[PDB]
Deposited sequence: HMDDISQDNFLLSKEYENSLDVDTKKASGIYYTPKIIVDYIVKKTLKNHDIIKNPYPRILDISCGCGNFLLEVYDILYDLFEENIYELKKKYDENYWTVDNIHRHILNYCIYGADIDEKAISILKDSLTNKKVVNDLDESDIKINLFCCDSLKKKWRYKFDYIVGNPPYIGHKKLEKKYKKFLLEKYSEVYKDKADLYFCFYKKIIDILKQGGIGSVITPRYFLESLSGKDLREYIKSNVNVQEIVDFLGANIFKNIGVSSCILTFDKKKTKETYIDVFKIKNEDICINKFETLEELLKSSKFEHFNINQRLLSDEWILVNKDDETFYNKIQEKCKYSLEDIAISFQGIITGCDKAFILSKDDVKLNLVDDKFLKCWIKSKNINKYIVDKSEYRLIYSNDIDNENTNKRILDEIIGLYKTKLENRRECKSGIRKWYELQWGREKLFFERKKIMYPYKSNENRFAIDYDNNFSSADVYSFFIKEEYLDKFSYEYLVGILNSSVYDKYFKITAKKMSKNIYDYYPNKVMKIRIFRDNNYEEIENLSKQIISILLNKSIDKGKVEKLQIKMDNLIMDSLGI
């Protein structure tokens, strides 16, 4: 039988909106096989022939049908031993099917049609007496009053972020799941909590979820809950690899238990090449045991609020830098997010747009995107922002409102602050403070494959795809902008930032203040030469005609100085 045929057809029958609204995305066979084998390979069926295995978001049964197959083999291979040890009339091969359905397999899901599909599949596992009772619940698993705990829990919970959940349901989650769910958290945090809570003492859970909670600020409470309530046996981190075809998400597999053990050591498997096609191989285990993955151990007792999951060389490197640097960016700098207009099409125009003849130049600001940020310098802006907060009233600037911004008035009126009357329909939603942008400052893209910190000399504005900071006045005599972009753009600081950065998709990390401002910095005898090399690079890059190859050589020299400074 093909346990993945009907579920795949059902998933293909749905549209994008319904799948996103319920997280209806099913797990490929190679992942299911690994997780089921991980949980059930060494189960002692003679000691415990009544194992309770749960998928609380079972869908059409990608996990539970495989659980059925493994359990059938487990019972069948030991049928005469069970017969001798226990009721000899109960333990026959012809009874295994019934037993598995009555006592061992449990599923829950909000989706009534998927439950119906799974019920038919489990029934069709045996050509069939009485009607066998199957333990499938059509319910919201986060609200169900669960009547008992489970020996094994496996699956793939729905992933739904703070924009796609409804506010009423989010009120429920904020009230009832506050130990792991606050602010910009995700629904799968709540599923982690529920799974941990209904796992028996000595039970084992194994799930594939997004990887982002391993590093995200929103995941802090969830990480604390996990490390305080279960022993984490294993983390498989796929980084930016594409595990779910046609899905823009990055994955990890957590296996944990509630066993009374003095172990506290976690096996960490981290992929090396993000470009591998996982499904091209027979099993995940063979990939984990090859040169395609790196393995190392982490002492669970040494985890802080942050989980730094790196090998010994990277740990030594990170610790050297942390110990050597007496300052962080947060100590010496003021950080801020870019403008949020709330409807960019209304306020952002190409600088050559004829409509800008209608707008007085005192309202216009230079506007850049993340792609305009290079190491050390920003591209020339191609766009202009109408800083519409400076429009006093409607009458005096009628054309601007009628012929440019008003084209999106309906959309503009749907913004939260306009509906509440806090913002006029033509104003920017979060216009911040002009004075913060209209000064020398450092700017960096919010998502990038590498450190790209640039000095802005042109009072550029940007949306939230670009973050900025300026150096506090009291630290200007200890750190200049040129020195800071020198060390921040170095190979050393790229590796150092990525030790703890939030890995988003293939070749993309978040560069957000909650981690960028934690970067630590130093000043020593190499300060002057590092700064001079940075100035040389900057001067080359701003030259209209100069070829930039020498920049690389200058950078190599700078990296060497930085390594000497940090003893690495």
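S.K.: Would you mind checking the deposited sequence against the model and listing the stretches with no C-alpha coordinates?
M.R.: Missing CA coords at 1 to 6, 135 to 138.
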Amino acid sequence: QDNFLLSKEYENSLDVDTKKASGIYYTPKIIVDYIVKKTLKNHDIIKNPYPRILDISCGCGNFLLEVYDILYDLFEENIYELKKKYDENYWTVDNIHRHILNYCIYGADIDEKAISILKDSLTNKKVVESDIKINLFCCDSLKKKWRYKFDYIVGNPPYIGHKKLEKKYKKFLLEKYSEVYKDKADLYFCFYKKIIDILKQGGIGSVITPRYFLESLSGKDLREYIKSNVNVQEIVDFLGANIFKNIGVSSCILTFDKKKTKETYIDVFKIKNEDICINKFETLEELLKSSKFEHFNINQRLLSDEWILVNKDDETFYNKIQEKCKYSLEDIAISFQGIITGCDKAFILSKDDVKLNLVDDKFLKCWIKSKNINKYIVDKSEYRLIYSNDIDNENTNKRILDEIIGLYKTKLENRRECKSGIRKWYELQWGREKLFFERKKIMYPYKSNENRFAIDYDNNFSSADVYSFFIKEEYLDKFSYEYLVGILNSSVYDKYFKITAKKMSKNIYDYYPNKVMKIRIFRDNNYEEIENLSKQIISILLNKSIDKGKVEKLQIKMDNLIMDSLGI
From here on, numbers count along this sequence of modelled residues.
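In this text, the rigid core denotes the largest set of C-alpha atoms whose superposition between the two forms falls within 1.5 Å.
S.K.: Aligning on the core, I want to see which stretch wanders more in 9 other deposited structures of this protein. Is it 277 to 285 or 195 to 203 by C-alpha RMS?
M.R.: Relative to the shown form, the greater RMS C-alpha distance in 9 other deposited structures of this protein belongs to 277 to 285.
S.K.: Superpose on the core, then say which of 538 to 546 and 504 to 512 ends up with the larger RMS Cα offset from this form in 9 other deposited structures of this protein.
M.R.: Evaluated in 9 other deposited structures of this protein, the stretch farther from the shown form is 538 to 546.
S.K.: Find out whether the coordinates of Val128 are absent in at least a third of the other compared PDB entries of the same protein.
M.R.: Other entries vs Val128: at least a third skip it.
S.K.: Averaged over C-alpha atoms, is the B-factor higher for 8 to 16 or for 556 to 564 in this PDB entry?
M.R.: According to the PDB entry, the answer is 8 to 16.
S.K.: Comparing 155 to 163 with 286 to 294, which has the greater mean CA B-factor as deposited?
M.R.: 286 to 294 has the higher mean C-alpha B-factor.
S.K.: Which is it among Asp465, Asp314, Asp477, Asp267: the one with the largest CA B-factor in the entry?
M.R.: Across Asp465, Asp314, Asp477, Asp267, the entry lists the biggest C-alpha B-factor for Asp477.
S.K.: Can you pull the Cα B-factors for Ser370, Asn299, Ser121, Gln337 from the entry and say which is highest?
M.R.: Highest CA B-factor of the listed options: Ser121.
S.K.: Splitting the chain's C-alpha B-factors into thirds, which one does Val32 fall into?
M.R.: Ranked within chain, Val32 CA B lands in the lowest tercile.
S.K.: Ranking every modelled residue in this chain by its Cα temperature factor as given in the entry, which third contains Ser251?
M.R.: Lowest third - that is where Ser251 ends up once the chain's C-alpha B-factors are sorted.
S.K.: Going by what the PDB entry lists, where does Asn532 fall on CA B-factor within its chain: lowest, middle or highest third?
M.R.: Middle third - that is where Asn532 ends up once the chain's C-alpha B-factors are sorted.
S.K.: Using the temperature factors of the C-alpha atoms in this entry, rank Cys60 within its chain: lowest, middle or highest third.
M.R.: Its C-alpha B-factor belongs to the middle third of this chain's values.
S.K.: Considering every modelled residue of the chain and its Cα B-factor in the PDB entry, is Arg52 in the lowest, middle or highest third?
M.R.: Its C-alpha B-factor, which the entry lists for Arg52, ranks in the middle third among residues of this chain.
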